[PDB]
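Beneath this line is the structure, given in structure tokens, with notes to follow.
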12 protein chains.
Amino acid sequence: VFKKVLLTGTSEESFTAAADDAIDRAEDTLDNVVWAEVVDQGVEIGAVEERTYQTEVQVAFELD
Amino acid sequence: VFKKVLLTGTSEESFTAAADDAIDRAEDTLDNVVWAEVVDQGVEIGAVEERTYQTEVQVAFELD
Amino acid sequence: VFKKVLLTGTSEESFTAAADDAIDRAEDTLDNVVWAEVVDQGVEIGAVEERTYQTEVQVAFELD
Amino acid sequence: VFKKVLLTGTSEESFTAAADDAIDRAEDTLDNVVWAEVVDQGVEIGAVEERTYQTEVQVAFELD
Amino acid sequence: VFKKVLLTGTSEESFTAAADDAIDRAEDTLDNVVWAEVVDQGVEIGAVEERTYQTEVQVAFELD
Amino acid sequence: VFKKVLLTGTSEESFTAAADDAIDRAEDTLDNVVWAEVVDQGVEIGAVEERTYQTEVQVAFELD
Amino acid sequence: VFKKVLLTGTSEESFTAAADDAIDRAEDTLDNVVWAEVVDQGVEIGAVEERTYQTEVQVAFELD
Amino acid sequence: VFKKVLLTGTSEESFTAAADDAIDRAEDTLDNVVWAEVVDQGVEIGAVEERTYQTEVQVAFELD
Amino acid sequence: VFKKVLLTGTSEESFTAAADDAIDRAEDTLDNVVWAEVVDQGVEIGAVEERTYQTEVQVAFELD
Amino acid sequence: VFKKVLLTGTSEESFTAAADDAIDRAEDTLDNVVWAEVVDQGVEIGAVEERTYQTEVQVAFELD
Amino acid sequence: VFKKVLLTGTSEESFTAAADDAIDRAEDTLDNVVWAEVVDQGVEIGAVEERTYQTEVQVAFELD
Amino acid sequence: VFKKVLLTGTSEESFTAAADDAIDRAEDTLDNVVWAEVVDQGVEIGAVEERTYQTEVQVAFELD
Ligand SMILES: [Cl-]
Ligand SMILES: [Cl-]
Ligand SMILES: [Cl-]
Ligand SMILES: [Cl-]
Ligand SMILES: [Mg+2]
Ligand SMILES: [Mg+2]
Ligand SMILES: [Mg+2]
Ligand SMILES: [Mg+2]
Ligand SMILES: [Mg+2]
Ligand SMILES: [Mg+2]
Ligand SMILES: [Mg+2]
Ligand SMILES: [Mg+2]
Ligand SMILES: [Mg+2]
Ligand SMILES: [Mg+2]
Ligand SMILES: [Mg+2]
Ligand SMILES: [Mg+2]
Ligand SMILES: [Mg+2]
Ligand SMILES: [Mg+2]
Ligand SMILES: [Mg+2]
Ligand SMILES: [Mg+2]
Ligand SMILES: [Mg+2]
Ligand SMILES: [Mg+2]
Ligand SMILES: [Mg+2]
Ligand SMILES: [Mg+2]
Ligand SMILES: [Mg+2]
Ligand SMILES: [Mg+2]
Ligand SMILES: [Mg+2]
Ligand SMILES: [Mg+2]
Ligand code: NA
Ligand code: NA
Ligand code: NA
Ligand code: NA
């Protein structure tokens, strides 16, 4: 059985790096992370000093 | 990194109050709740004495 | 077996009340109304004296 | 010919009032506003003192 | 308040049995599982000895 | 001209059998049923003694 | 309150004429038809002597 | 950089002609119109003497 | 077993004729074309002398 | 690089078996079939002696 | 009240840089740009000497 | 007439490079590749030594 968690990663460099930021966090806390699916991408402009790319991912991990 | 949880709040008064019901529950248990996105709305009619409005929300919170 | 009818209710007060307007009509004519799912919301501005909120719902009822 | 503008209204009271906030702004600046379609709803929690409901609408107006 | 978890169950027999596999796992770990909504179906062919049907479900459970 | 009715069939056995349950009901009451399109699938867990699979279908029938 | 019926009209001439075919049928049987929304378009090629255009519409009519 | 405007054209003849009606209006007021994407089609029946076809288009134009 | 190919037909006359243009091409090269489903419509304005309507279709054909 | 082909399988028994029917055909003609994603399900009722379940799948295969 | 404009940025380097190209243009002409949401990505191959990545964004800005 | 093929490219570097990987393969085998539309993005984590970005594209090419 796989479970997914819905995470938004952020990066000041790129959408790819924002995806990685989310996946890195998942791997810090979860065992057996297997894949991720991109579900949204965006850019924060007003609340930040530097534009921040965001990529939201469903991160799948195998239970047991 | 933000994480979202998918919650359905309920209210006998309104769709807004049902959203609040979900958000209230998130804030009881989670730190750093930042926003919520409505993903569905419905009304329970048959299994209840009074019509119950429901609003399903992705509730986002900041990790760390 | 459940069947759904696709109804648009209207209200000069709110989206919740417009949903109720549709559900009320369903209950006038149908037995065993069980739930409703919101599928669209809108506001009529030009053809009306007062802004009219509309909520379109699939209203489910149990056959037999 | 109708044209639509994509506006997000806000309210500390309700999703209906947030829709109105967007429509009010459209009517301040545009002639012949005819209808609005809700396309998204959300709640701002972290960046505000009071929860703020938001309703995003396509607001249609008649050209000429 | 209901919460949903997004689970992918698997089966070498059928899509129905894959849904059950996910629901069984939810019921092992959660109290008050109430319903599930199918959100995706697929078949694993290359990484397996026997074709494996998968059904991804949002599994809803009542909080408290 | 074809017309569709939106029916949810149920079964304690499978999603296929739940589709059939809806189609059977349509054929009891309508002439000239021609096809059905699956639009949703779900499982009722809490309100039932045995898990009940549901399949919602648009059932098309030829008018005249 | 408006209600919609989901009709597929057909024509050997065009998608517009297929929409009209559905609307004509609605107006034969229903009072107060107000609008229609196109939801799908297709072409039947194999089961027919001449290609047949089809347009599926939600046809809205005012109740009472 | 391209920008899109969301226009609904109308015609008493066809969906194609309604698309053209929107595009014509865009070309009256904008330089460098390059393409249009159909996003919705509908028919106005009740508020008009003759059925009026409508086609909503995103009309893209090149900035600078 | 049916297979679909995703084709974009073009016409300087109409969306219907653009669909036909795609279907004609499919029938030139494939046996047993049975139906087509419209998936997108657009208009090319800038790269052409005359506006060109386009209709993208999944064209289904029976294998064997 | 993976490529997908869009196939509709059929079965007089079940949606699972209809998926298999499509996948079987892909494996007859293609090397390195790896997975399939269900994209639609339906039932043919009028043109057949026995109800025929159909499952449409994107079947992915590895190029080279 | 926020308003969104729908812009397609382009880049010969990456999808991230194409998003930036759109956002840069918005910031040249608009005050109070706050965020952007990616709605589509594509690559122009035939009409260009070098492949050109495109990213279409809704760019939100605060009115007043 | 344009035809599209649905390809998933892969890269250990970025989503842009994964799109290119798919487009490169299309250009190896097809004449007159004109554009590509991104339809999905994902990351393979478990079955690989290094995270592999994937971008799925519809690649359009002109027939004849
Ligand atoms: Cl828009
Ligand atoms: Cl989710
Ligand atoms: Cl419907
Ligand atoms: Cl496809
Ligand atoms: Mg930096
Ligand atoms: Mg988002
Ligand atoms: Mg009360
Ligand atoms: Mg729901
Ligand atoms: Mg009042
Ligand atoms: Mg509507
Ligand atoms: Mg207050
Ligand atoms: Mg939003
Ligand atoms: Mg077995
Ligand atoms: Mg999936
Ligand atoms: Mg049993
Ligand atoms: Mg449902
Ligand atoms: Mg003729
Ligand atoms: Mg259809
Ligand atoms: Mg005329
Ligand atoms: Mg519309
Ligand atoms: Mg001509
Ligand atoms: Mg297109
Ligand atoms: Mg049999
Ligand atoms: Mg289908
Ligand atoms: Mg360069
Ligand atoms: Mg696009
Ligand atoms: Mg490397
Ligand atoms: Mg995918
Ligand atoms: Na989730
Ligand atoms: Na219906
Ligand atoms: Na817009
Ligand atoms: Na395809």
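Observations on the structure shown:
- Environment charge of H:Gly9, counting only residues whose C-beta is closer than 10 Å and scoring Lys/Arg +1, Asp/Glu -1: -3
- For A:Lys3, a cut-off of 24 angstrom between C-alpha atoms picks up these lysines, skipping any fewer than 8 places away in its own chain: B:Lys3, B:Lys4, E:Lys3, E:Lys4.
- Summed residue charge, Cβ within 11 Å of J:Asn32's Cβ, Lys/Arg positive, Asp/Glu negative: -3
- Copy L relates to copy J by a rotation, and the L residue whose beta-carbon is nearest that axis, with the distance in whole angstrom, is L:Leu6, 4.
- At most 10 other Cβ within 10 Å, DSSP loop - GluC sites (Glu not before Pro), region I:1-60: I:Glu49, I:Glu50
With ideal geometry, Cβ positions are generated from the backbone for all residues, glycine too; neighbour counts draw on all protein chains shown. Read the figures in this text as sums done on the coordinates, not as results from a lab.
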